[PDB]
file model.pdb (PDB, C-alpha atoms (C1' of nucleotides) and all ligand atoms)
MODEL        1
ATOM      1  CA  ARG A 859     -37.116 -56.504 -96.368
ATOM      2  CA  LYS A 860     -38.025 -56.251-100.027
ATOM      3  CA  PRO A 861     -38.940 -59.409-101.978
ATOM      4  CA  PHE A 862     -37.314 -60.755-105.112
ATOM      5  CA  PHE A 863     -39.177 -60.977-108.409
ATOM      6  CA  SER A 864     -38.712 -62.978-111.592
ATOM      7  CA  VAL A 865     -38.904 -62.191-115.285
ATOM      8  CA  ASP A 866     -41.579 -64.899-115.554
ATOM      9  CA  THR A 867     -43.712 -62.280-113.801
ATOM     10  CA  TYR A 868     -42.668 -59.841-116.552
ATOM     11  CA  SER A 869     -43.245 -59.401-120.292
ATOM     12  CA  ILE A 870     -40.300 -60.464-122.433
ATOM     13  CA  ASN A 871     -39.390 -59.772-126.036
ATOM     14  CA  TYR A 872     -39.382 -62.830-128.286
ATOM     15  CA  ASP A 873     -38.915 -61.492-131.828
ATOM     16  CA  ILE A 874     -35.180 -62.323-131.988
ATOM     17  CA  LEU A 875     -36.384 -65.933-132.170
ATOM     18  CA  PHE A 876     -38.565 -64.919-135.125
ATOM     19  CA  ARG A 877     -35.763 -63.309-137.147
ATOM     20  CA  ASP A 878     -32.055 -63.505-137.809
ATOM     21  CA  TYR A 879     -29.416 -61.025-136.675
ATOM     22  CA  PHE A 880     -25.815 -61.727-137.652
ATOM     23  CA  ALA A 881     -22.842 -59.523-138.508
ATOM     24  CA  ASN A 882     -21.263 -62.056-140.862
ATOM     25  CA  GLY A 883     -23.684 -61.406-143.732
ATOM     26  CA  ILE A 884     -22.033 -63.962-146.025
ATOM     27  CA  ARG A 885     -24.762 -66.543-145.191
ATOM     28  CA  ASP A 886     -23.262 -69.150-147.539
ATOM     29  CA  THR A 887     -23.654 -72.928-147.327
ATOM     30  CA  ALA A 888     -27.306 -72.122-148.056
ATOM     31  CA  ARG A 889     -28.586 -75.645-147.380
ATOM     32  CA  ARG A 890     -32.019 -76.513-146.097
ATOM     33  CA  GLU A 891     -31.298 -73.483-144.075
ATOM     34  CA  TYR A 892     -31.554 -72.084-140.566
ATOM     35  CA  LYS A 893     -35.113 -71.159-141.434
ATOM     36  CA  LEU A 894     -36.603 -68.277-139.526
ATOM     37  CA  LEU A 895     -39.422 -68.587-137.022
ATOM     38  CA  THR A 896     -42.819 -67.038-137.549
ATOM     39  CA  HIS A 897     -45.674 -66.868-135.096
ATOM     40  CA  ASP A 898     -47.618 -69.680-136.736
ATOM     41  CA  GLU A 899     -44.687 -71.820-135.532
ATOM     42  CA  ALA A 900     -44.416 -69.799-132.321
ATOM     43  CA  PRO A 901     -42.857 -71.736-129.412
ATOM     44  CA  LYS A 902     -45.068 -73.429-126.837
ATOM     45  CA  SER A 903     -44.985 -75.190-123.468
ATOM     46  CA  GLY A 904     -44.149 -78.890-123.312
ATOM     47  CA  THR A 905     -43.038 -78.914-126.965
ATOM     48  CA  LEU A 906     -39.773 -80.421-128.208
ATOM     49  CA  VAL A 907     -36.878 -79.205-130.353
ATOM     50  CA  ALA A 908     -33.564 -80.895-131.003
ATOM     51  CA  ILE A 909     -30.181 -79.357-130.407
ATOM     52  CA  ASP A 910     -26.498 -80.109-130.989
ATOM     53  CA  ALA A 911     -23.447 -77.975-130.207
ATOM     54  CA  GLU A 912     -19.859 -78.640-131.247
ATOM     55  CA  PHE A 913     -17.045 -77.425-129.006
ATOM     56  CA  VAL A 914     -13.363 -76.511-129.086
ATOM     57  CA  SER A 915     -10.910 -76.591-126.196
ATOM     58  CA  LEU A 916      -8.831 -73.514-125.409
ATOM     59  CA  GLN A 917      -6.664 -74.290-122.386
ATOM     60  CA  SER A 918      -3.167 -75.564-121.586
ATOM     61  CA  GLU A 919      -2.574 -77.596-118.454
ATOM     62  CA  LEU A 920      -0.066 -79.612-116.421
ATOM     63  CA  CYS A 921       0.439 -83.269-115.471
ATOM     64  CA  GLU A 922      -1.984 -82.894-112.527
ATOM     65  CA  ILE A 923      -2.068 -86.607-111.568
ATOM     66  CA  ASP A 924       1.641 -87.342-110.958
ATOM     67  CA  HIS A 925       2.087 -89.126-107.628
ATOM     68  CA  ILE A 932      -0.999 -74.598-116.754
ATOM     69  CA  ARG A 933      -4.546 -74.998-115.440
ATOM     70  CA  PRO A 934      -6.703 -78.075-116.243
ATOM     71  CA  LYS A 935      -8.192 -77.850-119.717
ATOM     72  CA  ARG A 936     -11.714 -76.621-120.410
ATOM     73  CA  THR A 937     -13.592 -76.050-123.636
ATOM     74  CA  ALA A 938     -15.615 -73.354-125.325
ATOM     75  CA  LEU A 939     -18.353 -73.490-127.920
ATOM     76  CA  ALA A 940     -17.588 -73.688-131.638
ATOM     77  CA  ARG A 941     -20.840 -74.479-133.454
ATOM     78  CA  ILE A 942     -24.546 -74.712-132.681
ATOM     79  CA  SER A 943     -27.393 -76.304-134.650
ATOM     80  CA  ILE A 944     -30.881 -76.176-133.145
TER      81      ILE A 944
ATOM     82  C1'   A B   1      12.752 -39.428   3.408
ATOM     83  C1'   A B   2      14.240 -46.975  -1.477
ATOM     84  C1'   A B   3      11.297 -40.706  -3.218
ATOM     85  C1'   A B   4      13.032 -43.704 -10.850
ATOM     86  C1'   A B   5      15.357 -40.858 -17.408
ATOM     87  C1'   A B   6       8.911 -40.490 -18.014
ATOM     88  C1'   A B   7      11.927 -42.860 -24.893
ATOM     89  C1'   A B   8      14.570 -40.663 -32.628
ATOM     90  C1'   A B   9      14.330 -41.799 -36.773
ATOM     91  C1'   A B  10       6.743 -44.367 -37.156
ATOM     92  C1'   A B  11      11.993 -48.515 -32.197
ATOM     93  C1'   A B  12      11.385 -51.463 -27.169
ATOM     94  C1'   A B  13       8.993 -54.454 -24.695
ATOM     95  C1'   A B  14       2.036 -56.787 -19.212
ATOM     96  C1'   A B  15      -0.647 -62.333 -20.347
ATOM     97  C1'   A B  16      -6.577 -61.766 -22.412
ATOM     98  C1'   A B  17      -7.026 -68.148 -18.214
ATOM     99  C1'   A B  18      -6.076 -73.752 -14.922
ATOM    100  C1'   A B  19      -4.303 -81.036 -13.993
ATOM    101  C1'   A B  20      -8.410 -79.686  -9.526
ATOM    102  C1'   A B  21      -3.446 -85.196  -4.720
ATOM    103  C1'   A B  22      -8.529 -81.053  -2.525
ATOM    104  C1'   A B  23      -8.067 -87.459  -1.129
ATOM    105  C1'   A B  24      -6.539 -94.884  -0.381
ATOM    106  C1'   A B  25      -0.898 -92.802  -7.572
ATOM    107  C1'   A B  26       1.744 -99.891 -11.427
ATOM    108  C1'   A B  27       5.650-101.248 -15.512
ATOM    109  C1'   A B  28       5.791 -95.626 -23.405
ATOM    110  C1'   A B  29      -2.109 -98.670 -26.985
ATOM    111  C1'   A B  30       3.376 -92.887 -29.619
ATOM    112  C1'   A B  31      -0.536 -90.938 -33.942
ATOM    113  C1'   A B  32       5.907 -90.613 -35.752
ATOM    114  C1'   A B  33      11.042 -87.987 -31.478
ATOM    115  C1'   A B  34      13.999 -89.161 -35.168
ATOM    116  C1'   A B  35      19.749 -82.201 -37.326
ATOM    117  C1'   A B  36      24.405 -82.395 -41.114
ATOM    118  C1'   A B  37      27.502 -79.353 -47.459
ATOM    119  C1'   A B  38      29.236 -74.728 -47.603
ATOM    120  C1'   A B  39      34.919 -74.150 -53.074
ATOM    121  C1'   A B  40      32.691 -71.819 -57.258
ATOM    122  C1'   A B  41      27.624 -78.268 -55.341
ATOM    123  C1'   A B  42      21.728 -82.035 -53.982
ATOM    124  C1'   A B  43      17.405 -80.693 -59.611
ATOM    125  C1'   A B  44       9.743 -85.520 -63.538
ATOM    126  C1'   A B  45       5.778 -82.525 -67.178
ATOM    127  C1'   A B  46       2.129 -85.543 -69.970
ATOM    128  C1'   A B  47      -1.988 -84.579 -68.358
ATOM    129  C1'   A B  48      -1.368 -87.557 -62.284
ATOM    130  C1'   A B  49      -4.044 -94.846 -59.648
ATOM    131  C1'   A B  50      -6.586 -99.081 -67.320
ATOM    132  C1'   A B  51      -8.939-103.397 -59.637
ATOM    133  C1'   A B  52     -14.427-104.844 -66.850
ATOM    134  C1'   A B  53     -10.275-101.508 -74.589
ATOM    135  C1'   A B  54     -15.436-105.850 -79.795
ATOM    136  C1'   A B  55     -12.442-101.906 -83.271
ATOM    137  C1'   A B  56     -11.464-104.706 -91.839
ATOM    138  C1'   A B  57     -17.212 -98.133 -92.176
ATOM    139  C1'   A B  58     -18.446-104.365 -97.125
ATOM    140  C1'   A B  59     -17.856-104.294-102.545
ATOM    141  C1'   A B  60     -19.152-104.414-108.627
ATOM    142  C1'   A B  61     -15.984 -99.848-112.789
ATOM    143  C1'   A B  62     -16.423-104.560-118.982
ATOM    144  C1'   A B  63     -16.123 -98.748-120.480
ATOM    145  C1'   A B  64     -16.968 -93.030-123.821
ATOM    146  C1'   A B  65     -18.248 -89.176-126.564
ATOM    147  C1'   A B  66     -17.857 -85.276-127.873
ATOM    148  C1'   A B  67     -19.795 -88.641-134.495
TER     149        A B  67
HETATM  150 MG    MG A1001     -20.636 -88.986-127.378
ENDMDL
END
call {"tool": "encode", "arguments": {"input": "model.pdb", "output": "structure tokens"}}
result
Amino acid sequence: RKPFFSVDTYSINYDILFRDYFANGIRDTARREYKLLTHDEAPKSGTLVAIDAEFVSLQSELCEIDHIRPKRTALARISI
RNA sequence: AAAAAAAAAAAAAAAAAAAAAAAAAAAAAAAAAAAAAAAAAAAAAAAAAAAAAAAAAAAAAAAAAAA
């Protein structure tokens, strides 16, 4: 007879949005970069960001339609 | 002086009651009266009376991605 509770009722860390953390450390192709958030550009409600992920498939399948499991993907790249 | 054994094996034996013409009664309206194996012998399952079965449930997808 206990109730459930959400993390929206809680207090969440956000600073990983406001920094980078990566174990590659090469950080090359330094273009107009994956520029880090600060709290002047802190995220809001109702606001919009764009997002695009590129995928790769990792599964071998069978014929499956003829009158080893059906192929599914995984993520390869993300640009937000 | 018709005076018989007084019951094995749970023996064995009673009935717990009638046409009534007693008086001047014709010839089946019964509802059906109705026996044969035994030479290695007769042999339904499904669930069992259609006294009224309309019986295509629309379709159309121009095509993906994901640079
Ligand atoms: Mg596409």
call {"tool": "closest_residue", "arguments": {"input": "model.pdb", "among": "A:877, A:937, A:923, A:943", "to": "residue 911 in chain A", "atoms": "all atoms listed in the file"}}
result
A:943
call {"tool": "residues_near_ligand", "arguments": {"input": "model.pdb", "ligand": "ligand MG 1001 (chain A)", "cutoff": "12 Å", "atoms": "all atoms listed in the file", "output": "PyMOL selection string"}}
result
(chain A and resi 910-912) or (chain B and resi 64-67)
call {"tool": "resolve_selection", "arguments": {"input": "model.pdb", "expression": "the PyMOL selection byres (((chain A and resi 889-902) around 8) and not hetatm)", "output": "compact mmCIF listing (two decimals) with C-alpha atoms, in the frame of the given file"}}
result
# COMPACT_ATOMS: atom_id res chain seq x y z
CA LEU A 875 -36.38 -65.93 -132.17
CA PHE A 876 -38.56 -64.92 -135.12
CA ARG A 877 -35.76 -63.31 -137.15
CA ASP A 878 -32.06 -63.50 -137.81
CA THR A 887 -23.65 -72.93 -147.33
CA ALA A 888 -27.31 -72.12 -148.06
CA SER A 903 -44.98 -75.19 -123.47
CA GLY A 904 -44.15 -78.89 -123.31
CA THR A 905 -43.04 -78.91 -126.96
call {"tool": "atom_distance", "arguments": {"input": "model.pdb", "atom1": "CA of residue 942 in chain A", "atom2": "CA of residue 886 in chain A"}}
result
15.9 Å
call {"tool": "closest_residue", "arguments": {"input": "model.pdb", "among": "A:920, A:870, A:944, A:914", "to": "chain B", "atoms": "all atoms listed in the file"}}
result
A:914
call {"tool": "atom_distance", "arguments": {"input": "model.pdb", "atom1": "CA of residue 939 in chain A", "atom2": "CA of residue 915 in chain A"}}
result
8.2 Å
call {"tool": "closest_residue", "arguments": {"input": "model.pdb", "among": "A:881, A:938, A:913, A:925", "to": "chain B", "atoms": "only C-alpha atoms (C1' of nucleotides)"}}
result
A:913
